[PDB]
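Participant: Task: produce atomic coordinates for the following.
(chains A, B and C)
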Amino acid sequence: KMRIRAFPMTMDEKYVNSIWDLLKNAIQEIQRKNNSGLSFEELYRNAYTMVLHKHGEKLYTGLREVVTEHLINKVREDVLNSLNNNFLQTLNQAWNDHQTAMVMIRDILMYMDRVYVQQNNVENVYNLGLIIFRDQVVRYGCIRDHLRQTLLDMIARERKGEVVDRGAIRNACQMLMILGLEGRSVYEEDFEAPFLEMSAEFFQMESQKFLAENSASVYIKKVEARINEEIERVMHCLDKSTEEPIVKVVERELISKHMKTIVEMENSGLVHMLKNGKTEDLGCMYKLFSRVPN
Amino acid sequence: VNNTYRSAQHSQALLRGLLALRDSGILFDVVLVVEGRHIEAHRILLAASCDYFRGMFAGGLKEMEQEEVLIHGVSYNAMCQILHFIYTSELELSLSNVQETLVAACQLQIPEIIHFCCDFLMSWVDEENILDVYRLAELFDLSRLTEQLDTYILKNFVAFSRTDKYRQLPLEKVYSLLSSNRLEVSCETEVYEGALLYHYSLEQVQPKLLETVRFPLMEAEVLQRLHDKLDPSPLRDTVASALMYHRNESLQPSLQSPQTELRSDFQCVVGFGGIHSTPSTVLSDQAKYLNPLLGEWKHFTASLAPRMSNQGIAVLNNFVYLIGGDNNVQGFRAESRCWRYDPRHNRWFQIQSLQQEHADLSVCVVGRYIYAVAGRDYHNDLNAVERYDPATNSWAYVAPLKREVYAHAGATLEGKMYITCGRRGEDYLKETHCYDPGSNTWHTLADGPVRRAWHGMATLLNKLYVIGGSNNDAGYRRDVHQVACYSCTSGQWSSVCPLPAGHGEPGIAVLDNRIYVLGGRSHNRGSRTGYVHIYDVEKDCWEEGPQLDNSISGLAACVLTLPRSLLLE
Amino acid sequence: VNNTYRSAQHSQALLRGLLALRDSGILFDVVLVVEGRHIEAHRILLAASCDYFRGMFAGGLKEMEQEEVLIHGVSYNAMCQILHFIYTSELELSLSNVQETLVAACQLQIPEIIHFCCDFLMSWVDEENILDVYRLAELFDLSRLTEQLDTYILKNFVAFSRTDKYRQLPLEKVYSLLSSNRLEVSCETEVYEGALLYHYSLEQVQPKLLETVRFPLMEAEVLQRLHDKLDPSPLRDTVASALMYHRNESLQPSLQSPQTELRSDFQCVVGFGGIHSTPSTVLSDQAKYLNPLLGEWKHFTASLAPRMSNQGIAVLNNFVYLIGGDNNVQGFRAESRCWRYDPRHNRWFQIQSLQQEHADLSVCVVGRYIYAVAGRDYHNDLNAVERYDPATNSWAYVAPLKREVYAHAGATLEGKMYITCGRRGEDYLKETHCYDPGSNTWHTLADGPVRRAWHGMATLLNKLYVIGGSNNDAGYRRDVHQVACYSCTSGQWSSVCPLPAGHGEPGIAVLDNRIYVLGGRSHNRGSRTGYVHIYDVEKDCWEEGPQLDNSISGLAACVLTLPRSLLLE
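Facilitator: Numbering: from 1, shown residues only, chains lettered A, B, ... in the order given. Shown next is the protein structure:
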């Protein structure tokens, strides 16, 4: 004798549609940074109502459309306006605002992500927001470009000896790594290749200049200084994950590609050291040659 | 040092203190108004208990600056129960407010209370409101309830079929239940009656379901009577085909079909044939199985059981067949006849094979035929490898063996027979032959860890593992407690758990990654072995398995899916 | 049906949620000012966690309407550690924040943190700062630390004796420690040297503290050498007292002294001597005792090796005595010599011979002489009954049997010599007479409900209990498997589970207020006594204890306190 109480089910479109208009208005108000007045119980109750009557497709499509429209029309124009000057700060501010808005929206709609998303096997609210931001902001035709040139520019300035905002570089690297949603795919795709290419070219030029400039001891000192500089830059500005490819290029260019130059070096070579009988030079040469295979 | 401690009774003390504070009615800071009634609570406990409250009290919305909070669409008693559970971690249910509590729990997305409510409702499941339960579990999308609801349906089919709600059930669900190999039934007559009741009115009695009906499950006389009583229809043609198939039991493993199988999961190891040393080693004609559901030595009567021992057991289409079989206990003489048991048909018909001048040989069933290599004579070495034809169950010729062996070790490793150990003449050979069925010739294989004879081979991790053995050629006629797995895939004698008991020619049986060895003759003990060792390759744990009531040597056993009634009795 | 469901993994989830909320940094309400620094936390958790915080925040005082609370006298790191423990249930400790954490945890009165800190401190106690630890423990009135410091100082007395701070200990404390029984030293001279070092300087050496020295436990052969070089003191009289005591081998139990106690703790049942039945068919002659600490029949002292089967057993002031013997079931071997084993001296001596070489009866050690109830010969009925006092060497006439009883059983119920049932030879009877020690006569008592004889009758819970027996109740000269006993002192039948092995002329001993059965011959049971079971008084059931490796029948076992020094090495 369970005696299950009866309960009605209704799908009146106009009533359903008005709920959607209210939810869209609330989401737009949140995106405009005006959440201090919006209620919580009403919105969560409405979101629960839309999932109980099997209308999740409408909710998901509307959320996607609203998020895309707002992000485009309120971020892309702003970034293009700030394209010339104050580029990193506005991008970081937009990223933080987008993250906060998305986390609040996810907080409102936990029922949708707990039922509908797992039922139909789609991306959650947070992942959807990250995907939209990656597709429509960071990976734009020109924004990605200017980002790469300015990043390589501050890298070159730091290599020369200038002072750059390491915090901004670190924040940009962290944002890029997060934007993959699983790992470093986007980080490898958009940032790693130009950085490695420019670093390789710069190190080849520096190695050629050092070889044409002085003897082997000066080359050893220069390569040690470069190693210290790159290991300080990766540990403070860049991400720790991009360490092995950098040292590989350093060894293959400043050491390996000049190994013959160290083989035939005069007044500082192995033959010169053996004839002089010195030991500090031999130790320095052994330390330099240990890193370079063969 | 910097040792760190961690207590375990701190959380309960904290909860008890919180409950005492709530009972004292002090330090309250939030009031919830539900349908017009006020409840006092603490903000932090609610915000740190569930996710609905966490967003409401910590998201940053207006609720930061409200003393009273309106709650709509919920029962006051439901909130009282929820708060009691939060403050106590003990939830008291009843038969009146269970629906309100369940709907409130589903509203706030709290898993533990949802699971408790579901368990209580199933424990108080009502026959007259099962559809009202499916509706409730469907609107709220409770995928964790529907599965065991269907499990309940498949174990009480007979009682529910009488009720008209069985006709009221959806066709898809009924078809899914009928096709499932879990219905608690004895004969296909009940299935036919249920199909008729679903496809016709109760008064009328007094198509699609027939697709799930196992026609061969009925008797030949029953099938003939149904065909005679049936009107001209393709159902009659199907019944005639089923009767004809039942009239060809000799081709039972060559006439397999989805409706020609049983409906159970009772995979157990059944020992049949062989010689039991107590009280005299003779070819037994009874099946001594090790029932895990009963967990004991179950007894059965194998029909048409040949007087053979250590015969190769082949299990195809839920039908067991015996090939060769040395009868050195009753006199060394090869038997060309073969005996077959049909657990699927609940009977056994001796499907005799052709001339197979080999003993202690096993054939791996690849396609319509079965490939076998090496082999042994009645009491000595032999190289007459004989293949099998399951369609005619005929023992035909096979590829020649590399060398003659006696009581050798052999295992089908990934569709390729591997033969190791064995006794060429009197001398125990250590050469390994990899007779791949695809290559139809011997190939290189890992050498046996023990260069002995009469050593059984098991299929551990899809590898021919050699363990036990009892022969003087191993150094002495003593128990070999060292077991190494001759992994042909790795091609090496990988380390394995040492064998607790050393006994040569022991029958192996793999039951859920547990390759136990039982029976055989132990040279160290000077008699047959009546103990088994339960070891798992994955778990690496070896202990004492089931012990037989009588020591046996040169016996045969195989793991197969038996009828559910047999496992239940 | 209502049913209540209670979770188990909810409190920890709540704690994790609270920790995450605190790490986020929201819903904070109260701020504590400690050492000029701010720590921000929640009111409710603090109020419900401790008791001092509960009083401060829910006591009705001013802190209801104050945003910040300024604490005094506690270190900032201490508050950080306490809050981390409250939020995370863990605790991190080091060698630099352990002193300042105990002070803060002892002031807020939190027991778990105090216990953890005490454990950590004991994990790093040494001989260089033990006085500081004692001062800290006594200052804070801690009693869980100065009950483990004594344990450490006793376990390492020799090592600490060389420390300079050893002379700085209070005289009362060191006197109490020296007089304790847990102090382990292989002799009684090292303690004297330590006492001299405490009382006099090392150069001067090479009082009351010497009073704790156990002279009778030391070797008397060095007493003459000590007295020659001894300074003028009354200690010479004490030394000479040991010489007089050493000349009292037959009076050593009678010459017991408070300073003659055994400075150790090992009391159990020792089974030595007798006639082993299986698997060795020879009479046992070596005296070895099973060690309960090791749970095996390991080697032990061969003190008072009796050349008899099922001899008598008595324990007079931790001294074992044996006389007589009877093994009529498997061949009686009566003995007249009495042997005494002194655990205090750990030696053997010839005890006073009994007036009559009689056995197969019950002996109660009451009064100045152990008295035998009823009596019989080695294999026949006899009236020879007497009371033996080996310490006083007094063989006196005792109360004779009121009725013809042979191979009867009895026990000292409520400190009174009594017997249960009996047998006029082979015919079992229920006549029971209790010999009153005051009247020295066999006074009439309640008759035994079960007419059992040659059984093991003991006193459990101050109640007579007999298990098994060898009488006519089994139909022959076998062991009755049924267990039935009635305690007259308790006045009721105390039914017990049947003995796994027949109690036929076995050795029954009671350890830890629980009787046990080990050994004997069970003719009716069809097997020997290959198991030992102890009947727990609280459980009222027999649990399989350490089974004897030899199924012997007719070996007596005593129960007494043995020197734990031998067991420790």
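Participant: Based on its surroundings, how many neighbours for residue B:114?
Facilitator: 19 (other CB atoms under 10 Å in any protein chain shown). The C-beta positions use only the backbone N, C-alpha and C, and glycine is treated the same way.
Participant: Residue B:379 too?
Facilitator: Using other CB under 10 Å, residue B:379 has 15 neighbouring residues.
Participant: So it: helix, strand or coil?
Facilitator: coil (DSSP: H, G, I helix; E, B strand; the rest coil).
Participant: What helix or strand is the residue nearest to it when sequence neighbours are not counted located in?
Facilitator: Using CB to CB, 6 or more residues apart in numbering or on different chains and skipping residues adjacent in sequence, the residue nearest residue B:379 is residue B:332, 4.2 Å away. Under DSSP states H and E, no helix or strand contains residue B:332.
Participant: my guess is residue A:154 is in a helix, correct?
Facilitator: Yes - counting by three-state DSSP, residue A:154 is part of a helix.
Participant: In contact with it, which residues?
Facilitator: A:164-165, A:169 (CB atoms under 8 Å, 6 or more residues apart in numbering or on different chains).
Participant: what do you get for residue A:175?
Facilitator: Under the contact definition (CB under 8 Å, 6+ apart), the residues listed for residue A:175 are A:92, A:95, A:138.
Participant: Tell me how far the second one lies from chain B.
Facilitator: Right, residue A:95. 19 Å (CB to the nearest CB, to the nearest Å).
Participant: Give me the helices and strands touching the host helix or strand of that residue, please.
Facilitator: Assigned by DSSP H and E, residue A:95 belongs to helix A:87-108. Helix A:87-108 sits against helix A:13-31, helix A:41-52, helix A:77-81, helix A:125-133, helix A:143-160, helix A:166-178, with contacts defined as 3 or more CB pairs under 8 Å, 6 or more residues apart in numbering or on different chains; DSSP states H and E.
Participant: Could you pull out the buried residues of that helix?
Facilitator: Using 16 or more other CB atoms under 10 Å in any protein chain shown as the test for burial, helix A:87-108 gives A:87-88, A:90-91, A:94-95, A:98-99, A:101-102, A:104-108.
Participant: hang on, the earlier thing: just put the contacts of residue A:154 in TSV and tack on neighbour count and distance to chain C.
Facilitator: Formatted as TSV, the contacts of residue A:154 follow (neighbours: other CB atoms under 10 Å in any protein chain shown; distance: CB to the nearest CB, whole Å):
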residue	neighbour count	distance to chain C
A:164	15	31
A:165	12	27
A:169	20	27
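Participant: any chance of these in CSV, with distance to residue A:218 too?
Facilitator: Compiled in CSV, the contacts of residue A:154 are given as follows (distance: CB to CB, whole Å):
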residue, distance to residue A:218
A:164, 27
A:165, 32
A:169, 30
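Participant: circling back to that earlier point, hmm, residue B:310 and the residue nearest to residue B:379 touching each other?
Facilitator: No - Residue B:332 lies out of contact with residue B:310 (CB atoms under 8 Å); the separation is 11.7 Å.
Participant: For these two, list the residues in contact with both.
Facilitator: If you check residue B:332 and residue B:310 against CB under 8 Å, 6+ apart, the residues they both contact are residue B:326.
Participant: just to revisit the earlier point, count the residues that sit near the residue nearest to residue B:379.
Facilitator: 13.
Participant: Now it. Its backbone dihedrals?
Facilitator: Torsion angles at residue B:332 (phi, psi; degrees, to the nearest 10) stand at phi -70, psi 110.
Participant: show me what contacts it?
Facilitator: Counting by CB under 8 Å, 6+ apart, residue B:332 touches B:326, B:377-379.
Participant: So which residue is dead centre in the chain?
Facilitator: With no chain named, the answer covers chain A. Against the mean C-alpha coordinate of chain A, by CA atoms, centre = their mean, the closest residue is residue A:176 at 1.0 Å.
Participant: ok, now how distant is that one from residue C:374?
Facilitator: Distance of residue A:176 to residue C:374, computed by CB to CB, to the nearest Å: 100 Å.
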